[PDB]
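Peer 1:
Chains as they are written, first to last, in our numbering: chain G, 330 to 429; chain C, 14 to 501; chain P, 18 to 132; chain D, 12 to 120; chain F, 440 to 596; chain X, 5 to 180.
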């Protein structure tokens with residue numbers, strides 16, 4: 330079988346997420362691309378647990394914890410987004426370059 | 014069942030259980046009672062942070078053990094770092110309670126975030142697993158995102174939180190990608206001292222996928238330590254965050270990340286020492302060169318201290334680079350112990366000066382000696398200790414760091430460290446040069462209307478526990494190392 | 018196998034709306050007109066296109082829901098292993114439920130769950 | 012056969028039992044159910060209506076076939092109208108003026 | 440209490456065996472095993488049976504009883520992370536057919552289970568009847584499960 | 005314990021194409037709503053990948069938690085942005101995107117030159133003893149429950165503390 334292709338897709342996702350992390354002109358989109366990167370990492374973890382850890386399932390547990398951390402980040406922001414929009418009424422992150 | 018196996022293992026993390034209990038009790042009292050009192054919050058934060066050290070010192074002589082089924086390692090190396098984290102939190106609580114109260118904001122949430130970041134920093138010090146080397150710094154990084162934007166109204170803090178959240182989501186996901194690469198090409202092993210064996214068992218110790226894991230882990234850790242081009246998150250966050258939280262993230266973040274870097278480069282990555290040695294050498298040389306050069310062109314005190322921190326981290330990196338043979342890890346501590354006092358004093362003086370004055374620009378520090386000679390003296394002593402000036406802690410710390418570097422044959426690293434230390438005098442002397450201006454025309458009206466007031470305040474005690482340390486530890490640099498070469 | 022039926026059922030369930038759309042396309046007539054394609058606004062001509070922009074204090078329960086979903090997801094494997102193990106997992110998940118209750122109390126008292 | 016299945020019945024008996032179940036379910040019971048719905052439509056209480064609807068809900072796959080092939084249209088008042096063009100013998104024996112719920116019994120439907 | 444726990448007999452004449460399981464239990468599909476029954480509420484409390492092809496005519500063709508029982512317990516019946524011990528080994532013989540019934544405990548670092556396993560060889564097949572209960576509730580149910588392991592019978596297909 | 009071979013490979017290719025389409029929609033859409041809806045396709049495809057491998061519990065957890073996350077994300081993107089803006093529609097291309105496209109292509113090439121050069125099937129035959137399941141634990145979710153409850157106790161309470169503090173910080177920061 331061609332299970333290794335999954336790894337390839339994960340790598341692609343990582344790079345794509347990385348790309349979407351940089352060219353983001355909207356911090357909500359940057360958060361979504363952070364979710365994309367964590368999802369690629371989770372894909373790697375799950376397929377490695379399938380490959381080598383059929384008994385202990387350490388990769389699946391690590392995937393669950395990474396999902397928990399990603400949801401915690403998704404709860405912390407957009408609350409940070411809420412504070413930013415309440416104070417500045419704008420979301421575009423490249424336009425804020427006061428600290429430089 | 015028995016609830017015993019976990020009960021005997023639960024006593025090993027009792028200093029952290031004290032922090033958890035204090036956190037829960039503080040939260041419950043905040044929720045239950047409408048009124049808010051500063052002294053009770055002071056008492057609960059202090060008694061949470063002075064009972065963890067009381068329990069930790071009682072656990073010093075105990076045998077090293079790996080508990081929670083290969084999840085928490087207690088030995089001599091991590092106990093010192095946990096004590097350092099607790100000391101940072103203990104000396105940062107007085108820095109925070111006055112500052113956040115003067116901003117008219119809720120303070121129980123700030124103390125909760127600080128206590129949680131301390132709890133997540135103590136767990137990172139001994140984290141003998143790959144899941145808890147991810148979860149514990151996410152107990153720290155998420156609180157650091159909640160902090161440094163707790164101001165919630167300044168237009169600087171929102172941008173600082175944006176930059177911190179985005180750059181620390183960029184890191185700590187590269188780190189976990191490296192963790193996934195290391196876990197996959199090892200045979201499904203995540204315990205720290207069990208994946209080099211797993212690598213040999215799968216015969217992938219020379220695989221190209223191991224180099225990816227090493228690079229990703231080093232990048233994700235050098236983001237948190239902030240040497241070299243992983244440094245850009247530091248100054249903006251340091252320039253646009255409240256001073257107590259940034260002092261905490263200056264001392265607490267480097268201790269936990271240094272412990273994680275030492276326990277992730279020596280235990281699971283000793284077979285490929287010739288690669289991460291080069292990575293750390295580049296990461297340190299670039300750090301000193303580009304943290305001491307930019308600091309001399311700074312007009313803001315917090316940003317200058319940021320470049321200062323990313324410069325002093327490169328001196329500590331030499332301790333990892335030399336290794337445990339020629340002292341090494343015994344020179345990481347006995348300098349990080351110095352660095353904590355140096356930075357916390359030089360941030361306490363900034364806290365008091367900003368609170369009584371209302372500014373951060375360096376040009377408004379002129380003529381502070383005429384107004385408050387004690388504060389100017391203390392800030393000058395802290396900055397001169399930062400520059401490695403002779404009778405103060407930084408000088409002996411740097412010569413200890415350089416003795417092991419020379420003993421290991423790293424002439425280039427020691428030479429760059431000495432040249433950057435020479436560069437690191439012009440700043441830490443520029444501020445003093447401002448502090449000793451008697452010209453009334455060059456004195457900003459910010460310090461002209463300065464009231465010292467006839468009360469002591471808490472930060473004065475907190476930095477009097479510090480300024481007398483950075484100067485009078487200079488004889489006591491024989492008592493400290495015999496506690497740091499004893500670990501191995 | 019217990020999961021090939023899952024894949025076949027998912028494929029059929031996805032195919033069914035495609036079949037409905039194809040049957041409607043080949044059966045129903047098309048009689049499009051510029052008045053017909055206008056957005057319905059109770060007779061009157063719609064003003065600016067939609068959009069409401071709720072207040073934050075209304076939609077602050079979602080941040081609670083994100084955390085509570087993770088907590089209820091984490092509670093399931095403990096319940097699956099409650100019988101094989103003993104009171105150890107009871108003590109383990111008691112702290113989880115207590116932290117959930119404390120967070121709910123905090124959200125209640127701080128006014129996050131108020132509309 | 013294969014490991015995992017044990018003591019399975021013979022296929023002819025399973026087929027016979029399934030055939031008699033389908034015979035009772037598809038062409039025997041839906042006629043009785045729809046007749047019990049047509050007759051006694053106005054004599055229901057809450058319990059009888061609940062059980063009628065329950066039986067319709069259970070046996071609807073068998074009722075969906077018989078329904079296109081059945082009509083329940085109401086019959087003329089006189090039982091002499093063979094054709095729509097037929098005339099009543101005497102137009103007085105019919106019962107005109109059926110009442111409704113406020114002032115009628117079950118005899119007026 | 441009244442008469443003891445009532446048991447139901449499961450006879451597979453197509454596969455040529457017959458055993459006896461508590462009537463409170465329910466049938467269910469064990470992964471790849473021929474027959475299985477389990478308690479409706481409690482976990483790790485079940486009877487299972489799967490057979491493998493063989494050319495031997497009896498269990499005595501497998502070699503010495505204790506040695507082959509130990510090698511089966513260490514190598515086949517236990518995962519590498521499970522520490523095993525055998526507490527009782529018995530041989531019974533009816534109608535010229537011998538059954539080897541042994542009780543063993545598998546103590547993983549996570550959980551501990553106890554099993555009565557009866558081996559038989561007949562009809563060109565090797566039968567591995569297994570009764571399992573959690574260790575915490577083993578002492579209560581051991582006799583109530585031993586009647587199962589003593590009830591295993593193999594006949595001609 | 006798997007699907008038929010050709011069916012498994014075809015499902016891998018199809019779900020990979022769907023995942024690529026969803027990720028490209030995420031990183032090419034101006035509207036946060038449209039890119040969020042593409043993210044939902046990515047989430048569904050990744051959950052199907054988890055179901056494909058062996059993860060029937062991780063897939064459900066991914067679906068539940070990440071569906072809540074995307075619903076919250078759509079709500080807060082509606083609430084924190086300008087008008088509906090269907091006209092935005094694939095934001096413009098700059099040089100600053102062109103250089104990062106090259107950098108990310110180089111990074112992806114570096115990763116794929118390692119993935120395509122490592123014999124991942126060779127590692128599987130070396131980790132034989134890691135794939136011998138306990139025969140009593142038929143249910144995979146039962147194994148994941150046992151190994152979450154016993155093997156990982158410290159992260160299990162650390163994540164509880166993390167979730168509580170994250171909830172408190174989200175309430176405190178976002179309040180008006």
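Don't be surprised by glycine CBs; every beta carbon is placed ideally from N, CA and C.
(1) Quick check on residue 95 of chain C: does DSSP put it in helix, strand or coil?
(2) Is the Cβ of residue 72 of chain P closer than 7 Å to any Cβ of chain C?
(3) Rounded to whole angstroms, how far is the Cβ of residue 332 of chain C from the Cβ of residue 414 of chain C, which I believe are closer than 8 Å?
(4) Within this structure, are the beta carbons of residue 58 of chain X and residue 381 of chain G separated by less than 7 Å?
(5) Can the beta-carbon of residue 348 of chain G be found less than 7 Å from the beta-carbon of residue 84 of chain X?
(6) Spell out a yes or no on whether the segment 302 to 320 of chain C and the segment 432 to 448 of chain C are touching, meaning 3 or more CB-CB pairs, one atom from each, closer than 8 Å.
(7) Within this structure, are the beta carbons of residue 355 of chain C and residue 483 of chain C separated by less than 7 Å?
(8) Would you report the Cα separation of residue 87 of chain C and residue 26 of chain C, rounded to the nearest angstrom?
(9) To the nearest angstrom, how far is it from the Cα of residue 322 of chain C to the Cα of residue 212 of chain C?
(10) Would you say residue 483 of chain F faces chain P, with C-beta separation under 7 Å as the test?
(11) Figure out for me which residue from F:507, F:499 and F:549 has the closest Cα to the Cα of residue 83 of chain C.
(12) Apart from the five residues on each side of it in sequence, which residues of its chain come closer than 6 Å, Cβ to Cβ, to residue 299 of chain C?
(13) Rounded C-beta distance between residue 41 of chain C and residue 119 of chain P? I'm assuming under 8 Å.
(14) Count the other CB atoms, across all protein chains shown, that sit within 10 Å of the CB of residue 95 of chain D; report buried if there are 16 or more and exposed otherwise.
(15) Taking 8 Å as the cut-off, does the segment 583 to 593 of chain F touch the segment 5 to 15 of chain X (at least 3 CB pairs, one atom from each stretch)?
(16) Three or more C-beta pairs closer than 8 Å, one from the segment 25 to 34 of chain X and one from the segment 482 to 490 of chain F: is that the case here?
(17) Among all the DSSP beta bridges, which residues are the ones paired with residue 477 of chain F?
(18) With DSSP as the reference, label residue 554 of chain F as helix, strand or coil.
(19) Pick out whichever of C:390, C:382 and C:368 has its Cα sitting closest to the Cα of residue 481 of chain C.
(20) Listed in chain order, which residues of the segment 145 to 164 of chain X have Cβ atoms closer than 8 Å to some Cβ of chain P?
(21) Determine the chain P residues that contact residue 400 of chain G at a beta-carbon separation under 8 Å, and present them in chain order.
(22) Using a Cβ-Cβ distance cut-off of 7 Å, determine whether residue 380 of chain G contacts chain X.
(23) Give the range of the alpha helix (DSSP H) segment to which residue 350 of chain C is assigned.
(24) Rounded to a whole number of angstroms, what is the C-alpha to C-alpha distance between residue 473 of chain C and residue 393 of chain C?
(25) Is the beta carbon of residue 420 of chain C closer than 7 Å to that of residue 339 of chain C?
(26) Using Cβ-Cβ distances below 7 Å, what residues of the segment 175 to 194 of chain C are close to chain B?
(27) Relative to the C-alpha of residue 187 of chain C, which residue among G:417, G:406, G:395 and G:421 is closest?
(28) Strictly below 8 Å CB to CB, what residues from chain X border residue 109 of chain P?
(29) Of all the beta strand (DSSP E) runs that stay within the bounds of the segment 436 to 469 of chain C, which reach a length of 3 or more residues?
(30) Identify each residue in the segment 535 to 551 of chain F for which the Cβ-Cβ distance to at least one residue of chain P is less than 9 Å, and report them in chain order.
(31) Taking the C-alpha atoms as reference points, what is the distance between residue 116 of chain C and residue 39 of chain C?
(32) Show which residues of chain C have a CB atom less than 9 Å away from the CB atom of residue 103 of chain P.
(33) Nearest-angstrom Cα distance between residue 12 of chain C and residue 99 of chain C?
(34) Contact criterion: CB-CB distance below 7 Å. Does residue 90 of chain X meet it with respect to chain G?
(35) Do the CB positions of residue 493 of chain F and residue 560 of chain F come within less than 7 Å of each other?
(36) Which residue's Cα is closest to the Cα of residue 297 of chain C: C:285, C:325 and C:284?
Peer 2: The short version:
(1) helix
(2) no
(3) 6 Å
(4) no
(5) no
(6) yes
(7) yes
(8) Distance between the alpha carbons of residue 87 of chain C and residue 26 of chain C is about 9 Å.
(9) 36 Å
(10) yes
(11) F:549
(12) In the same chain as residue 299 of chain C, and ignoring 5 residues on each side of it, the C-beta atoms closer than 6 Å to its own belong to 241, in chain order.
(13) Going by Cβ atoms, the distance from residue 41 of chain C to residue 119 of chain P rounds to 7 Å, so yes, they are a contact pair.
(14) exposed
(15) no
(16) no
(17) F:465 and F:485
(18) Strand at residue 554 of chain F.
(19) C:390
(20) 145, 146, 148, 149, 150, 152, 153, 154, 157, 160, 161, 163 and 164
(21) 83, 84, 86 and 87
(22) yes
(23) 349 to 370
(24) 15 Å
(25) yes
(26) In the structure shown, chain B cannot be found, because the protein chains are G, C, P, D, F and X.
(27) G:395
(28) 153, 157, 160 and 161
(29) Fully enclosed beta strand (DSSP E) runs of 3 or longer: not present.
(30) 549 and 550
(31) 21 Å
(32) 14, 15 and 16
(33) Because residue 12 of chain C is not part of the residues shown, which for chain C are 14 to 501, the question remains open.
(34) no
(35) yes
(36) C:325
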